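Worksheet: one structure, shown below.
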Amino acid sequence: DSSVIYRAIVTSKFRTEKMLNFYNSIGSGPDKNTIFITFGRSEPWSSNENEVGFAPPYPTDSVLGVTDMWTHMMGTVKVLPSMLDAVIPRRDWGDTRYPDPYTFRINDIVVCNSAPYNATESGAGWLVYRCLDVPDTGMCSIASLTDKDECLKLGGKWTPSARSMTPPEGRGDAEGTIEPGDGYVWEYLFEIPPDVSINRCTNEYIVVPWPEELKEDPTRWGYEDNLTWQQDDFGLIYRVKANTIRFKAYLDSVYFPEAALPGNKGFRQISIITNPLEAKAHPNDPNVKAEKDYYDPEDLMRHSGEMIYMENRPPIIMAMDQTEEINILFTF
Amino acid sequence: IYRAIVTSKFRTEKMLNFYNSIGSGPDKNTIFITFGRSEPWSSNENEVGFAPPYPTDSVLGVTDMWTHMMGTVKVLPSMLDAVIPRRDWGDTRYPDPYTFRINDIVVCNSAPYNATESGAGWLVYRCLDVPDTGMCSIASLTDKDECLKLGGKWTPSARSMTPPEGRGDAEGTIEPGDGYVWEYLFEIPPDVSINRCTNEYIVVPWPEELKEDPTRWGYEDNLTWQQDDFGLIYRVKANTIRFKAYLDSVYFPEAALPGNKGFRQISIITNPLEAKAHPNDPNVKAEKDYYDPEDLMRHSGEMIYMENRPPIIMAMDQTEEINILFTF
Amino acid sequence: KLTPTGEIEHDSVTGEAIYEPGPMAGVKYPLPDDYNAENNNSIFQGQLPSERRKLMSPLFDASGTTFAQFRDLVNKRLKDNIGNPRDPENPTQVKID
Amino acid sequence: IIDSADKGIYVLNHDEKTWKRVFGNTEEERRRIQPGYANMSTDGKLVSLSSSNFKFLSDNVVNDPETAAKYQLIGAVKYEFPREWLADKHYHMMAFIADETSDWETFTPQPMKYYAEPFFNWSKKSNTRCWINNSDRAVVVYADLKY
Amino acid sequence: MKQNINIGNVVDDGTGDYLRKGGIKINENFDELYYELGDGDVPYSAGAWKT
Amino acid sequence: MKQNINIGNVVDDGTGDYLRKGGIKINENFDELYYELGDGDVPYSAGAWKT
Amino acid sequence: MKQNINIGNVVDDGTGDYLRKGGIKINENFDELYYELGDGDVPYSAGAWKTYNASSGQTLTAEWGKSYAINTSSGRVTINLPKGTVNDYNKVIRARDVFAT
């Protein structure tokens, strides 16, 4: 018989922690990672590639796989940390599109002010609430239990019966809908100012603020008001437990006209690289990390730096005067 | 519809950042490790086969763990090492001491049967090529080359004559003859070996620590052609860090006193802040090696990793040791 | 224990020194006198009672001790068991979720 | 320091009657009470005592037969809990209220605190619950202006 | 006063003195012996004189 | 002849002088430097002379 | 500088130095107490001095009981002696010619 048998878990926060760290690790020049993103392979996977249902071959990782990916590479683009943001899935009160706009489950996080139907309050950016408590009547995820409280006493999920009457409101620390009456209670987080909403937010994913960037303005994020008791905090992402970072990048034909030219079959596959070094005429010369935003693959040293992530797609065709955008996210 | 992958290196990469991220004082993480819960799981908890209840993650779960917490210990980055599973040439006890698979990593000189060469620390070789005769992981293929040309794994029939040798680039006992060929990596100096190495896991050197001595690690010899390189950990692709910590009764005599039923469960915490008499007073990150959970602010810092065990009983003048391995 | 002519003997090919339950292995011991006087009775009493149980060397005439902070205990010790070569046959420790 | 057994909360009606524990009469919730951490604040008609401490003796339930079975296991235990609403802000307060007509003599884990409810002084006159923020800031809460 | 640290006879013998009693048997012996010429911090090749 | 003792490392290990080796090894290391100074149970700040 | 080796208080108590740090606190202790008087493996009842060289500096200074046998050949030696000396006195210093430069 097994003598010792033990149990241990990592908190979801540690996901976040890695991220926040990982966010820290992109450097400017020195001793912190620098990131280039690359596309290539005009060459067709196979004649099918155009047709529907075609799945390009699953990429290969090897010094061989590297070389090949490194071989075809059309172009390269750097990444500034400010294009990297933490994000959580956006969910708006009252939104028809998505299921149960009016039915919220405990700890769900609800955005307000996002949309006209959503919007309670004018002259304010988007709001972010989390829903602490849900109506008592409902159904339990564990089929054995018909009581919310009993469902939760065991800890199984609970879905409430009664829909929300109104989207949550108030800066107020507790303050969902407590006095007059409702089944839901709502927790407030911070408010999002519109420009960032507009520029950052994807209707699936709100963009979540950095603790650092927060240190600058607690107000612009509406966080200044509260109560922390740890003093300054700003570690808000811990509270929301965002595990997801959004890479944003912008491709333009101009840096790489050659792959942009009419008749290019476009690039099949994508690759990101970290801390590559410049090309050098003399191999004894000291290595140089790459400042400029784009490099033709030539101007980069062969194989310098490490590429973490490789990708293969059906061909995508860049075109001149087009401006194409790439987003890649990460859950650590 | 596209296909995409992350390199195994990125496992390593996470670590290196994460390794970078433990700070001393400022603006970089500090790590405390905590034990607690004298309280018995259940009367059984002692008995064989007892498995403590699967832990819970929540502000509630936190609080409780934060409640019982006996003691706390910091971690210096020098107690954090990259490690890979140790496998020695020729060790009888474990299967196929003499049978190596492509890209396996072999330590030499570790033991007398291992040891080829006196007066040198441990060696680390990787095995490029394996004897031609063997077995394929794919039952359909009888050729190593065909098995591998397709990429199925191959198990070689013929054992190695000797553990590999020489600093040079693939050695491999290639000329005179053998089925194995060998690539050299670095040599491990003895002092680090004895103290760091767990017979399952050798300790792998940090690049910075590598930046200090290429020689003490035997890496000075090679060839990088990038100038300094030192990114060696990429080559071994270690995804696994070993936390080492030291518990001592002296810092926490109270839990050490005769008759304690010991601590059930373990928890690590990052960047807690000191206790303050006045909450308006500015926060202070925690330098000292141990803090009574009291001397730490309630709930301060984040605990990434929670743990539950059958009870372990500390005793004074006993000295208890903890190792933890994260695979990124 | 075995220490031919200059030095303790460690086993072949694996190089490990040899211990036995050396003579007078299990013995009561007297706790005879002095500690009570020698201490003066500190360590929240238990002066002789605390005693520092069992193995530890300080009697100072010993083969096995040499010089270290720590003597390990392979009993009451765990790698659990997983994965990699080396590792125990019996996990003595395991982990479930 | 202020210590030992009583941990008492006492209730006064009358002033002929006496001092009376209500929440006190437990042994357990005594331990919840802490000199540094535990604090009371009343609003109107409700009363809020802090507890920053929680652990349970009882809430574990045993035998976990399903996992006991699948793991070929005897014993273990379930780690179980009732639900209390904790402050998610760090230091993560827990509260207890008598909410009915003022007091009404039971205290309970609370559907939630209005955060940091203790330390908020109660005013009848111009009724507010005021406290001084850390980083030396005056916090005031009040109700006003139903149109 | 040489403060001889004693071992019982052969190795393995249950007798001895102590690693504890050796402590300060060891150290005073130093002090006593050393503080003669070494007279605190540093020994004097010119010798130690105590007024 | 100073008879330095080698030092074991941090863990139970069979390498190096085991303490009973050190026993009388250090105890010697005394008398040597000691006798050359002490000449018997007392050390001499003025040093010692040998007939 | 004597490298005095502690143990905590009473026997059997938690506090004490180490077996491990027992050494080299104890051994280097030998060396220094030796090294001034001994020079090498063996002590000198007649004492031991350590050559300061004309080659090294034009100056040495202040070692109280560390005696020197002095070279001026390479350069003139300017030897300064400990300053301010508190209430000590009694301290003899020894400088000599191991040869005459």
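Going by the structure tokens order, chains are called A, B, ..., each with residues numbered from 1, while ligands are numbered from 1 in the order shown.
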
### Task
Considering only C-alpha atoms, return as a list in words whatever protein or nucleic-acid residues lie within 8 Å of residue 156 in chain A, sequence-local ones (same chain, fewer than 6 positions apart) excluded.
residues 140, 141 and 142 of chain A

Restrict the selected residues to C-alpha atoms and save them as a PDB file, in the first residue's frame.
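So the final result, stored in result.pdb, reads:
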```pdb
ATOM      1  CA  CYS A 140     -27.353  23.386  -9.748  1.00  0.00           C
ATOM      2  CA  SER A 141     -24.598  22.041 -11.921  1.00  0.00           C
ATOM      3  CA  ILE A 142     -24.635  18.996  -9.679  1.00  0.00           C
TER       4      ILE A 142
END
```

### Message
Pairing the C-alpha atoms in order and superposing chain E on chain F, what is the resulting RMSD?
### Response
1.7 Å

### Secondary structure check, strand (DSSP E or B) residues of range 101-230 of chain B, as a list in words
residues 105, 106, 107, 108, 122, 123, 124, 125, 126, 127, 134, 135, 136, 154, 155, 156, 182, 183, 184, 185, 186, 187, 188, 198, 201, 202, 203 and 204 of chain B

### Message
Would you pick out the contacts of range 165-168 of chain B at 8 Å or less, using only C-alpha atoms, so that residues sharing its chain but fewer than 3 positions from it are not included, and give the list as a ChimeraX atom specification?
### Response
/B:171-172,182-186,221

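CA of residue 314 in chain A is found 23.4 Å from CA of residue 294 in chain A.
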
Do you have, as a tab-separated table, the list of residues of chain B lying at most 7 Å from chain A, each with its nearest atom pair and that distance in Å to one decimal, counting only C-alpha atoms and ordered by chain then number?
```
residue	atom	partner	partner_atom	distance
B:1	CA	A:55	CA	4.7
B:2	CA	A:313	CA	3.8
B:3	CA	A:312	CA	4.8
B:4	CA	A:311	CA	3.6
B:5	CA	A:310	CA	4.9
B:6	CA	A:309	CA	3.9
B:7	CA	A:308	CA	4.6
B:9	CA	A:308	CA	6.2
B:10	CA	A:308	CA	5.0
B:17	CA	A:25	CA	6.2
B:18	CA	A:21	CA	6.8
B:21	CA	A:21	CA	6.5
B:48	CA	A:3	CA	4.9
B:49	CA	A:2	CA	5.2
B:50	CA	A:5	CA	6.4
B:51	CA	A:5	CA	5.1
B:52	CA	A:6	CA	6.2
B:54	CA	A:7	CA	5.9
B:55	CA	A:8	CA	6.5
B:57	CA	A:11	CA	6.4
B:227	CA	A:286	CA	6.7
B:304	CA	A:11	CA	4.8
B:305	CA	A:10	CA	3.9
B:306	CA	A:9	CA	5.1
B:307	CA	A:8	CA	3.6
B:308	CA	A:7	CA	4.8
B:309	CA	A:6	CA	4.3
B:310	CA	A:6	CA	6.4
```

Could you write out the selected residues, including N, CA, C and O atoms, as a tab-separated table (two decimals), in the first residue's frame?
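Output saved as result-v4.tsv:
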```tsv
chain	number	residue	atom	x	y	z
B	1	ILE	N	-7.39	25.70	-42.90
B	1	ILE	CA	-7.42	25.96	-41.47
B	1	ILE	C	-6.02	25.56	-40.92
B	1	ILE	O	-5.58	24.41	-40.97
B	2	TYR	N	-5.36	26.57	-40.36
B	2	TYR	CA	-3.96	26.60	-39.95
B	2	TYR	C	-3.57	25.68	-38.79
B	2	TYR	O	-4.40	25.17	-38.04
B	3	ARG	N	-2.25	25.49	-38.67
B	3	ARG	CA	-1.60	24.71	-37.62
B	3	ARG	C	-0.42	25.51	-37.06
B	3	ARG	O	0.31	26.16	-37.81
B	4	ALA	N	-0.21	25.46	-35.74
B	4	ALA	CA	0.87	26.24	-35.14
B	4	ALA	C	1.41	25.63	-33.84
B	4	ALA	O	0.67	24.97	-33.12
B	5	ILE	N	2.70	25.86	-33.54
B	5	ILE	CA	3.28	25.28	-32.33
B	5	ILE	C	4.22	26.22	-31.61
B	5	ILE	O	4.84	27.11	-32.20
B	6	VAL	N	4.33	26.00	-30.30
B	6	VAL	CA	5.33	26.58	-29.41
B	6	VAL	C	6.54	25.68	-29.26
B	6	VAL	O	6.40	24.46	-29.11
B	7	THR	N	7.74	26.25	-29.35
B	7	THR	CA	8.90	25.40	-29.17
B	7	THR	C	9.01	24.98	-27.70
B	7	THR	O	8.59	25.70	-26.79
B	9	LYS	N	11.64	25.02	-26.16
B	9	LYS	CA	12.47	26.07	-25.58
B	9	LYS	C	11.65	27.04	-24.78
B	9	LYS	O	12.11	27.48	-23.72
B	10	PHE	N	10.48	27.43	-25.26
B	10	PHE	CA	9.71	28.40	-24.53
B	10	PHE	C	9.41	27.92	-23.11
B	10	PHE	O	9.30	28.73	-22.19
B	17	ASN	N	12.94	33.80	-17.55
B	17	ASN	CA	12.32	35.01	-17.05
B	17	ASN	C	12.05	34.82	-15.58
B	17	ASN	O	12.49	35.59	-14.73
B	18	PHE	N	11.29	33.76	-15.29
B	18	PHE	CA	10.88	33.49	-13.93
B	18	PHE	C	12.08	33.44	-13.02
B	18	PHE	O	12.00	33.87	-11.86
B	21	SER	N	13.08	36.72	-12.36
B	21	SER	CA	12.05	37.52	-11.69
B	21	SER	C	12.12	37.52	-10.17
B	21	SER	O	11.60	38.46	-9.54
B	48	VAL	N	-1.88	4.49	6.81
B	48	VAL	CA	-1.31	4.30	5.50
B	48	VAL	C	-2.41	4.56	4.48
B	48	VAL	O	-3.61	4.50	4.78
B	49	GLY	N	-2.00	4.87	3.26
B	49	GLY	CA	-2.97	5.11	2.24
B	49	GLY	C	-3.77	6.38	2.41
B	49	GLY	O	-4.64	6.65	1.58
B	50	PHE	N	-3.50	7.18	3.43
B	50	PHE	CA	-4.31	8.37	3.63
B	50	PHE	C	-3.90	9.46	2.66
B	50	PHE	O	-2.73	9.86	2.61
B	51	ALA	N	-4.88	10.01	1.97
B	51	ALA	CA	-4.70	11.13	1.07
B	51	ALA	C	-5.51	12.32	1.54
B	51	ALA	O	-6.75	12.23	1.64
B	52	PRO	N	-4.86	13.42	1.88
B	52	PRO	CA	-5.56	14.57	2.37
B	52	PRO	C	-6.56	15.05	1.33
B	52	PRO	O	-6.48	14.69	0.15
B	54	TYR	N	-8.53	17.00	-1.47
B	54	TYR	CA	-7.97	17.76	-2.58
B	54	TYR	C	-8.10	19.25	-2.32
B	54	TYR	O	-9.17	19.73	-1.95
B	55	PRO	N	-7.01	20.00	-2.49
B	55	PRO	CA	-7.02	21.36	-1.98
B	55	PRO	C	-8.03	22.18	-2.76
B	55	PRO	O	-8.46	21.79	-3.85
B	57	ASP	N	-8.97	26.20	-4.14
B	57	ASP	CA	-8.41	27.51	-4.40
B	57	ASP	C	-9.57	28.48	-4.34
B	57	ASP	O	-10.57	28.32	-5.05
B	227	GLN	N	30.25	34.29	-30.62
B	227	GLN	CA	30.96	34.85	-29.48
B	227	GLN	C	30.33	34.16	-28.29
B	227	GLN	O	30.33	32.92	-28.25
B	304	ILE	N	1.20	31.00	-4.87
B	304	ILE	CA	0.89	30.46	-6.20
B	304	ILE	C	0.38	29.04	-6.08
B	304	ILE	O	-0.44	28.59	-6.88
B	305	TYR	N	0.94	28.34	-5.12
B	305	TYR	CA	0.97	26.89	-5.06
B	305	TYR	C	0.58	26.46	-3.67
B	305	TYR	O	1.24	26.81	-2.69
B	306	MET	N	-0.47	25.67	-3.59
B	306	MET	CA	-0.98	25.21	-2.32
B	306	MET	C	-0.81	23.71	-2.28
B	306	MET	O	-0.71	23.06	-3.32
B	307	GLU	N	-0.73	23.16	-1.08
B	307	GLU	CA	-0.30	21.78	-0.99
B	307	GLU	C	-1.02	21.17	0.21
B	307	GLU	O	-1.23	21.86	1.20
B	308	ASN	N	-1.39	19.90	0.11
B	308	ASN	CA	-1.91	19.17	1.27
B	308	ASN	C	-1.32	17.76	1.36
B	308	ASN	O	-1.27	17.04	0.36
B	309	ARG	N	-0.90	17.35	2.55
B	309	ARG	CA	-0.21	16.10	2.78
B	309	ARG	C	-0.84	15.40	3.96
B	309	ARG	O	-1.53	16.02	4.77
B	310	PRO	N	-0.63	14.09	4.09
B	310	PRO	CA	-0.78	13.47	5.40
B	310	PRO	C	0.13	14.17	6.39
B	310	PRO	O	1.17	14.73	5.99
```

Residues of chain C that approach chain A to 12 Å or less, counting only C-alpha atoms: could you list each one with the shortest pair of atoms and its distance in Å to one decimal, rows by chain and increasing residue number, as a Markdown table?
```
| residue | atom | partner | partner_atom | distance |
| --- | --- | --- | --- | --- |
| C:76 | CA | A:4 | CA | 9.8 |
| C:77 | CA | A:4 | CA | 10.1 |
| C:78 | CA | A:4 | CA | 8.4 |
| C:79 | CA | A:4 | CA | 10.5 |
| C:80 | CA | A:4 | CA | 7.9 |
| C:81 | CA | A:5 | CA | 10.7 |
| C:89 | CA | A:2 | CA | 11.6 |
| C:90 | CA | A:2 | CA | 8.0 |
| C:91 | CA | A:2 | CA | 7.2 |
| C:92 | CA | A:3 | CA | 5.1 |
| C:93 | CA | A:4 | CA | 3.9 |
| C:94 | CA | A:5 | CA | 4.1 |
| C:95 | CA | A:6 | CA | 4.6 |
| C:96 | CA | A:7 | CA | 5.6 |
| C:97 | CA | A:7 | CA | 6.2 |
```

### Query
Quick one: residues within 7 Å of range 101-106 of chain D, only C-alpha atoms counted, chain neighbours fewer than 2 positions away excluded, as a PyMOL selection string?
chain D and resi 22-23+45-47+98-99+108

Can you pull out every residue within 12 Å of residue 106 in chain B, counting only C-alpha atoms, but drop anything in the same chain fewer than 2 positions away, and send it as a compact mmCIF listing (two decimals) with N, CA and C atoms, in the first residue's frame?
```
# COMPACT_ATOMS: atom_id res chain seq x y z
N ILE B 84 17.62 18.65 -15.05
CA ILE B 84 17.07 17.64 -15.95
C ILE B 84 17.22 16.28 -15.29
N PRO B 85 16.42 15.30 -15.70
CA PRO B 85 16.49 14.00 -15.04
C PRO B 85 17.84 13.37 -15.27
N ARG B 86 18.44 12.91 -14.18
CA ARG B 86 19.75 12.30 -14.26
C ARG B 86 19.69 10.88 -14.79
N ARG B 87 20.54 10.58 -15.78
CA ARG B 87 20.75 9.20 -16.18
C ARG B 87 22.22 8.98 -16.47
N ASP B 88 22.76 7.99 -15.78
CA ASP B 88 24.17 7.66 -15.77
C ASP B 88 24.42 6.46 -16.65
N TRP B 89 25.57 6.48 -17.30
CA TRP B 89 25.98 5.34 -18.08
C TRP B 89 26.30 4.19 -17.15
N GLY B 90 25.94 2.98 -17.57
CA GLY B 90 26.33 1.80 -16.85
C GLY B 90 25.68 1.49 -15.52
N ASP B 91 24.63 2.18 -15.09
CA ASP B 91 24.15 1.88 -13.75
C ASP B 91 23.30 0.63 -13.81
N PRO B 97 21.20 0.06 -18.57
CA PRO B 97 22.23 1.06 -18.28
C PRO B 97 23.04 1.34 -19.51
N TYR B 98 23.17 0.33 -20.35
CA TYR B 98 23.99 0.32 -21.54
C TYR B 98 23.24 0.62 -22.81
N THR B 99 21.96 0.93 -22.74
CA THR B 99 21.20 1.10 -23.95
C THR B 99 20.64 2.51 -23.97
N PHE B 100 21.08 3.29 -24.95
CA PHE B 100 20.75 4.69 -24.98
C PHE B 100 19.97 5.00 -26.25
N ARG B 101 19.08 5.97 -26.15
CA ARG B 101 18.21 6.38 -27.23
C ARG B 101 18.70 7.73 -27.74
N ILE B 102 18.47 7.99 -29.02
CA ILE B 102 18.98 9.21 -29.62
C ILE B 102 18.56 10.40 -28.80
N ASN B 103 19.50 11.32 -28.60
CA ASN B 103 19.28 12.57 -27.92
C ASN B 103 19.18 12.37 -26.43
N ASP B 104 19.27 11.14 -25.93
CA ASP B 104 19.31 11.02 -24.49
C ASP B 104 20.55 11.72 -23.97
N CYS B 108 28.57 11.38 -17.11
CA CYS B 108 29.69 10.48 -16.92
C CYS B 108 30.45 10.87 -15.67
N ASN B 109 31.29 9.95 -15.22
CA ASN B 109 32.26 10.16 -14.17
C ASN B 109 31.56 10.24 -12.84
N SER B 110 30.23 10.14 -12.83
CA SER B 110 29.46 10.31 -11.61
C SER B 110 29.84 9.26 -10.58
N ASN B 114 30.53 4.37 -13.46
CA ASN B 114 30.41 5.41 -14.46
C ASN B 114 31.81 5.88 -14.79
N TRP B 122 31.70 15.89 -13.10
CA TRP B 122 30.78 15.12 -13.91
C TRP B 122 30.75 15.64 -15.33
N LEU B 123 30.47 14.72 -16.25
CA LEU B 123 30.33 15.07 -17.65
C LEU B 123 28.90 14.87 -18.08
N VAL B 124 28.51 15.59 -19.12
CA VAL B 124 27.18 15.45 -19.66
C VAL B 124 27.31 15.30 -21.16
N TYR B 125 26.95 14.12 -21.62
CA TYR B 125 26.93 13.84 -23.04
C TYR B 125 25.49 13.61 -23.44
N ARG B 126 25.23 13.89 -24.70
CA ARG B 126 24.01 13.48 -25.36
C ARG B 126 24.38 12.51 -26.47
N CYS B 127 23.47 11.59 -26.77
CA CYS B 127 23.76 10.45 -27.62
C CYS B 127 23.06 10.76 -28.92
N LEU B 128 23.86 11.04 -29.95
CA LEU B 128 23.28 11.43 -31.22
C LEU B 128 22.69 10.23 -31.93
N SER B 160 26.00 0.12 -25.31
CA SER B 160 27.21 0.92 -25.41
C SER B 160 28.41 0.20 -24.79
N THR B 162 31.39 1.73 -23.75
CA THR B 162 31.93 2.62 -22.75
C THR B 162 31.13 3.90 -22.73
N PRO B 163 31.11 4.59 -21.61
CA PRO B 163 30.47 5.89 -21.60
C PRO B 163 31.33 6.83 -22.43
N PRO B 164 30.73 7.79 -23.07
CA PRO B 164 31.48 8.63 -24.02
C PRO B 164 32.58 9.45 -23.41
N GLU B 165 33.46 9.99 -24.24
CA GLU B 165 34.55 10.81 -23.74
C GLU B 165 34.98 11.81 -24.79
N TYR B 180 26.75 3.74 -30.83
CA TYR B 180 26.42 5.03 -30.27
C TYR B 180 27.42 6.04 -30.81
N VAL B 181 26.97 7.26 -31.02
CA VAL B 181 27.86 8.38 -31.24
C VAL B 181 27.50 9.37 -30.16
N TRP B 182 28.45 10.23 -29.83
CA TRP B 182 28.30 11.05 -28.66
C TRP B 182 28.63 12.50 -28.94
N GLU B 183 27.77 13.38 -28.43
CA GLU B 183 28.05 14.80 -28.46
C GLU B 183 28.34 15.30 -27.06
N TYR B 184 29.31 16.20 -26.96
CA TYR B 184 29.73 16.71 -25.67
C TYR B 184 28.94 17.96 -25.37
N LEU B 185 28.70 18.20 -24.09
CA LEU B 185 28.06 19.45 -23.69
C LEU B 185 28.97 20.28 -22.80
N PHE B 186 29.12 19.92 -21.55
CA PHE B 186 29.85 20.72 -20.59
C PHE B 186 30.25 19.77 -19.47
N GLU B 187 31.16 20.19 -18.61
CA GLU B 187 31.46 19.34 -17.48
C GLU B 187 30.97 20.01 -16.21
N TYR B 201 17.89 13.88 -10.57
CA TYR B 201 17.94 15.12 -11.33
C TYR B 201 19.29 15.78 -11.13
N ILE B 202 20.06 15.90 -12.20
CA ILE B 202 21.23 16.76 -12.16
C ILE B 202 20.76 18.20 -12.23
N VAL B 236 19.97 21.97 -23.70
CA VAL B 236 19.43 20.86 -22.93
C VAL B 236 17.92 20.90 -22.80
N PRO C 85 14.30 8.10 -15.23
CA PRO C 85 15.13 7.04 -14.64
C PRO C 85 15.55 7.41 -13.24
```

### Message
Could you list, as a PyMOL selection string, every residue within 10 Å of residue 36 in chain E, counting only C-alpha atoms and ignoring same-chain residues fewer than 2 positions away?
### Response
(chain E and resi 30-34+38-40+43-44+47-50) or (chain F and resi 43-47)

### Task
Do a neighbour search on range 311-322 of chain B at 9 Å with only C-alpha atoms, toss out local chain neighbours closer than 2 positions, and write the hits as a PyMOL selection string.
(chain B and resi 37-41+45-46+52+243-250+252-253+255-265+308-309+324) or (chain C and resi 52-53+70) or (chain G and resi 12-14)

Which residues of chain D come within 12 Å of chain C, and what is each one's closest atom pair and distance in Å (one decimal), counting only C-alpha atoms, sorted by chain and residue number, as CSV?
```
residue,atom,partner,partner_atom,distance
D:67,CA,C:97,CA,9.9
D:68,CA,C:96,CA,11.8
D:70,CA,C:96,CA,11.1
D:71,CA,C:96,CA,8.8
D:73,CA,C:96,CA,11.6
D:76,CA,C:96,CA,11.7
```

### Query
Which residues of chain D are close to chain A, meaning at most 9 Å apart when you count only C-alpha atoms, and how do they look as a PyMOL selection string?
chain D and resi 80-83+85+88-91+111-116+133-135+139

#### Entry: Distance in Å - CA of residue 59 in chain B versus CA of residue 118 in chain D
20.0 Å

### Task
Residues of chain C no more than 8 Å from chain F, counting only C-alpha atoms: send them over as a ChimeraX atom specification.
/C:7-10,16-17,60-72

### Message
Using only C-alpha atoms and a distance of at most 6 Å, pull out the residues of chain G that contact chain E, as number ranges by chain.
### Response
G: 1-2, 33, 36-37, 65-67

### Sel. of alpha helix (DSSP H) residues, chain C, as a PyMOL selection string
chain C and resi 34-39+47-50

### Task
Go ahead and compute the interatomic distance for CA of residue 238 in chain B and CA of residue 22 in chain B, in Å to one decimal.
18.5 Å
